[PDB]
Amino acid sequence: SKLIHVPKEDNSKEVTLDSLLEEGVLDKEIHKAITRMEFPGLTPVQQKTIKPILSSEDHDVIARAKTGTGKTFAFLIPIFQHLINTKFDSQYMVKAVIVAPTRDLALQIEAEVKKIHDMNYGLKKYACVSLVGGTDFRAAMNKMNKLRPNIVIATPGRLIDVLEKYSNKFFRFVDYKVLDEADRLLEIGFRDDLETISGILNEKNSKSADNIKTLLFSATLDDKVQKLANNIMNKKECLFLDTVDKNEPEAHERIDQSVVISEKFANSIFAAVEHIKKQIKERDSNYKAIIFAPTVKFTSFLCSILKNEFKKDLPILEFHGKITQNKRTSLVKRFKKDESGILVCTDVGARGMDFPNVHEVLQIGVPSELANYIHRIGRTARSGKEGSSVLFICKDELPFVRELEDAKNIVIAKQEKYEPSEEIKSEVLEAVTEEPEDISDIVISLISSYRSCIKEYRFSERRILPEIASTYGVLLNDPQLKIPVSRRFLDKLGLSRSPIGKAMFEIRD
């Protein structure tokens, strides 16, 4: 299908809620809702996408816009307008399906729909239900039946689950599907699910298999997502609306980026602790920060250290996929409202989540994928605000920083070295209550995570894996101690004959 490029341009007439109202694109009721939010104007992506999304042209839409620049309302505004345009047709049926890669992001998008409802009670007739995992299935279906929503927001697993059982009842009249964080939903492990969802929706559609229009949004995407999305895009024309220059870096330019390079992976923990201690002092505890880590087990470990160091100064919140869904939701609600605190998380919180007035994004080690560097740091500097980010890595992770320059055109000007004092090491290690078996589990989780991104980040396997493994000895304060394991385990790892495996493990079987 034909991809039509509409690139970023300089002096082009500003689009406003009024001008869209005056020109007949937006109805009074949706103009009213958004006006009462009292935004200075419409963001660039909103100005660019609202009219094309609503145009009677038979096209799909792809939109690129930097983190924190209002992509959510860029799709919700025209979705509401479509619901108004067709209000007497199939009024009890789902007309728009929005899919997100995480439950908390799905729930956030729903909360934003509810804000529109709150600014104009006349829009409540266009009801919304979220379909996400870790929530009661029956309670959610009771809500579908009671409210007969025109808008569904969902994560892929639970959406497929509902569709296999109830696609005929609610989903035969869908006109739009939206992939938020589209590039993420089209990677391995979501792409097949999105193809399944798209196939069901197209097959059940009462008008035709090509009826549904598809909208893709992300801060990180290009021409190549069209290829990846080929089986889910129905229309013969695809509009690519871009608010970023072709060669311009995708990272938000307002973020003051830096990297702190240690000799050892474990030293990044000490660097981060000292950085946080200094920020708490200098800002008189007026400090709101998010710190990312590579694995669930390590995030949990890092939370223990940060609580021991900083619980007296700031709240420390632990956010990952093994936290119960009730707690994930309640902690997201709190950190959205709070003026200060530290959110410690995995890449579950890398994309989409909008926590106002975060001062800094910190990262210990590398993201779960290259693009997530851009999304991670984009948790700060949202809707016009300032922000900073610090990447704490060790020397053997430097090829990641080179790949950021090579692949994404991101050059971090501020780079410095770090070496921990014996004082900080003692302070951090002595409060660690984890048993050796727990430290082993934690470091093994890191070995696995790093092993999986060696090719993508161009690491040297023979250097990076031993360095990650050596964290075990560092944390037990004995640097020639290796991780005790079984031969059966080493065989499973595929390192039984490797000198790399010999440098990491001791067969204490």
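Start at 1 with the first residue shown and count on from there. For clarity, a rigid core is taken as the largest C-alpha set superposing within 1.5 Å between two forms.
Taking the root mean square of CA deviations in 8 other deposited structures of this protein after fitting on the rigid core, 56 to 64 and 443 to 451 differ, and the farther of the two is 56 to 64. Mean CA B-factor, 243 to 251 versus 144 to 152: the higher value falls on 243 to 251.
For the pair 53 to 61 and 468 to 476, the mean Cα B-factor is higher in 53 to 61. The residue among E430, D175, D104, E195 whose C-alpha atom has the highest B-factor in the PDB entry is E430.
Comparing the listed residues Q108, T295, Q81, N231, the entry records the largest Cα B-factor for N231.
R402: CA B factor lies in the highest third for its chain, per the PDB record.
Compared with the other modelled residues of the chain, the Cα B-factor recorded for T35 ranks in the middle third. Ranked against the other modelled residues of its chain, the C-alpha B-factor of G157 as given in the entry falls in the lowest third. Among the modelled residues of its chain, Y126 has a C-alpha B-factor that falls in the middle third according to the deposited record. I454: CA B factor in the highest third of modelled residues in this chain (values from the PDB entry).
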